[PDB]
Each structure stands twice: as structure tokens, then as C-alpha cells.
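These notes are about the structure you will find just below.
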Ligand SMILES: [Cu+2]
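In the authors' numbering, the protein residues as written are 1 to 120.
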């Protein structure tokens, strides 16, 4: 199945957001990232994707279709707006083995706050 995500300058959580910022998927699903506002992209965060998953980085302003294979949690960011808290969490399969690790990892305070919220 496909899950559509919008990249926006402003949303329910404030400025520079992914909506939804919490994506539940299963191996084989696709996640479509739509740049509703210009200036955004999607990129996997180093050591914040499952072991065996390939790193990815879309072009600014392009519609990007991500196919998810490996189970686990993935924290993605918008390259330009990471420090402004523009992130999304993709959870593939049940009880992502690396979720606690991602929660604990070093990241910007704004990012951490949004993540905690998304997770809750
Ligand atoms: Cu952005």
C-alpha cells in the first residue's frame, strides 16, 4: 500500500513539517513524499535507519517515492530544515528493534522535541 506525506512550510506542529510525521508501514509498502511547498526534500539520517536498509536522499522539490523493505524504525529529515525540526518517523513492522536507539541518539533539541511528540 502507499502512504502519502506532504512537505510543508507550516503545519499543525509549527514551521517546517512533514504531515504525517509518524508513518506506519509494512515491508513492500511505498511512502510518497509530496513537496506541497517548495524548498524541501527527504533524506535518511545516518545510523537512524535499520541495519541493512539503503541510505536515500531525494532532490529538493521533487515528488519522491520510497519503497520500504527492512523492518525497524527510520528517522528521515528534510536536509535544509533538519535543524528547524523537519523530520518524520517511519515504523516498519511491529516493535521496531531500533526505536529506543533512535530516541536516544544525538540530534537537535527541536528535533528531539518533535520526535517525542510524534512517538506519543
Ligand atoms: Cu524542508
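Where a beta carbon is used, it is the ideal one built from N, C-alpha and C, also for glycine.
Status (buried if at least 16 other CB within 10 Å, exposed otherwise) for residue i
i	result
residue 109	exposed
residue 97	exposed
residue 41	buried
residue 49	buried
residue 91	buried
Residue i: CB within 7 Å of a non-hydrogen atom of ligand 2
i	result
residue 50	Judged by which ligands are present, ligand 2 is missing from the structure shown, whose ligands are ligand 1.
Check: residue i C-beta below 7 Å from any heavy atom of ligand 1
i	result
residue 39	yes
residue 108	no
residue 80	yes
Residues bridged to residue i [DSSP beta-bridge criterion]
i	result
residue 11	14
Candidates the options, of which the one nearest residue i by Cα
i	options	result
residue 74	21, 6, 41, 59	21
residue 70	28, 1, 120, 46	28
residue 85	36, 104, 1, 10	10
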